[PDB]
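In the form deposited in one PDB entry, a lone chain appears below as structure tokens.
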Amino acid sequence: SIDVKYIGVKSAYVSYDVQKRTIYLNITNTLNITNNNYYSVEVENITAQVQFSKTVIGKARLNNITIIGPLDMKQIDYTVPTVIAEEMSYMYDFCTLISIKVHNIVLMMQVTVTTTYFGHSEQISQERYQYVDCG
């Protein structure tokens, strides 16, 4: 990347800011901005690129061959019983949460068994998380 910006409230290249309950009198603002931006990004000069894959099997005997890729999720149990018995009782459940396997962002590239790759891979995440807000 080049420029990544996270700003909580206010972003301003030039800010003449006046807030509340203010007396703004006899003001002379003079501004000159000569701003130049020149970007040359991701320039490639390749005369020749070779990607080569060769597989040869000759009068061979192969048996019981197994190949398994990544993220092999097998025999997984989630068990969340909730047994609530009541007798002459007062429950005030204002904000009660039961969350299981709650994803927000899942991003995947190039999850393989055999990969031959040339170039650029980029991931950017910006956010504001706020799970529970009980006023």
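Residue indices: 1-based, along the sequence shown. Each form is matched to the other, and the largest set of C-alpha atoms that superpose within 1.5 Å is called the rigid core.
Keep in mind that the form deposited in another entry is not shown, yet the notes after this line are about it.
After superposition on the rigid core, the single residue among 106, 83, 73, 50 whose C-alpha moves by 2 Å or more between the shown form and the other one is 50. Core-superposed comparison between the shown form and the other one: the C-alpha position of residue 63 differs by no less than 2 Å. Shown here is a form in which the CA atoms of residue 115 and residue 46 lie at least 3 Å closer together than they do in the other form.
The pair residue 117 and residue 48 is looser in the other form: their Cα-Cα distance rises by no less than 3 Å compared with this form.
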